[PDB]
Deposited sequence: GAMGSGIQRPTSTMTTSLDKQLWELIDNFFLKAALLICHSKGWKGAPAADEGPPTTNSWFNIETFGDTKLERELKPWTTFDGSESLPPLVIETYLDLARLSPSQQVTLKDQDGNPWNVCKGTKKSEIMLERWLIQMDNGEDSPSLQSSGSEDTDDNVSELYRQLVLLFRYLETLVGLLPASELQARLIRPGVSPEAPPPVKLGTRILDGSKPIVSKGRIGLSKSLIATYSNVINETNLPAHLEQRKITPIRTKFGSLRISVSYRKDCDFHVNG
């Protein structure tokens, strides 16, 4: 009984959360794993990739990235690469009260989305060639990606990787929301993102 309200709150949040993240930078096909969810299978982990789409570049156009010192680094030329990964989100599962925990979580997530470096790139792209895109993925599946610039490619060679608890290379950063404690497990949202997004096309 209760157990069905709880699951519906949960599944609805996943849906709202994914919608927020995507609308900030068809979707129905990709949301099928969470829109067609019953108890009969686990609620799959929800993966969101945010990238810089390079489809519309001509062969002579160079992508550069400026570092925090405002110095340029080459990234790629024309159509060699299809996209540059910028963020990867993961939303996963391990009363009126769980309802309130999710309202709080949602507003917090609205604020966090607006603060990331890719939002600063979005701002500059839509101030009144290349666009931002997102893609939702079922994260219990591996995926290969032939000819894009992955999150793993640091582009700025001044970064020096050191041992740390997030296990990320130094050009990347990670944020995690406090988990929401629930009887079915913990609701955990995290995002890994490229620190620098001051990209230029010439």
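According to the record, C-alpha coordinates are lacking for deposited residues 1-16, 42-68, 138-156, 191-198, 273.
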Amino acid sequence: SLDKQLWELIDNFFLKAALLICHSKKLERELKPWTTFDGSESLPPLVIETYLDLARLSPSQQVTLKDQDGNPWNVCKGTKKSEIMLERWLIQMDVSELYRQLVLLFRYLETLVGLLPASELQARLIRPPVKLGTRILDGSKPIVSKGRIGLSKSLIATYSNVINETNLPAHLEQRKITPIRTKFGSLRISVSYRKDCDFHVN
From here on, numbers count along this sequence of modelled residues.
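Of the two stretches examined, 64-72 and 143-151, the record assigns the greater average C-alpha temperature factor to 143-151. Comparing 34-42 with 171-179, the higher mean C-alpha B-factor in the PDB entry belongs to 34-42. Taking the PDB entry at face value, the top CA B factor among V162, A55, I156, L137 belongs to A55.
When the C-alpha B-factors of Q122, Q92, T111, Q101 are ranked from the entry, the top spot goes to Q101. Ranked by Cα temperature factor within the chain, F13 sits in the middle third according to the deposited record.
Annotation for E87: C-alpha temperature factor in the lowest third relative to the rest of the modelled chain, per the entry.
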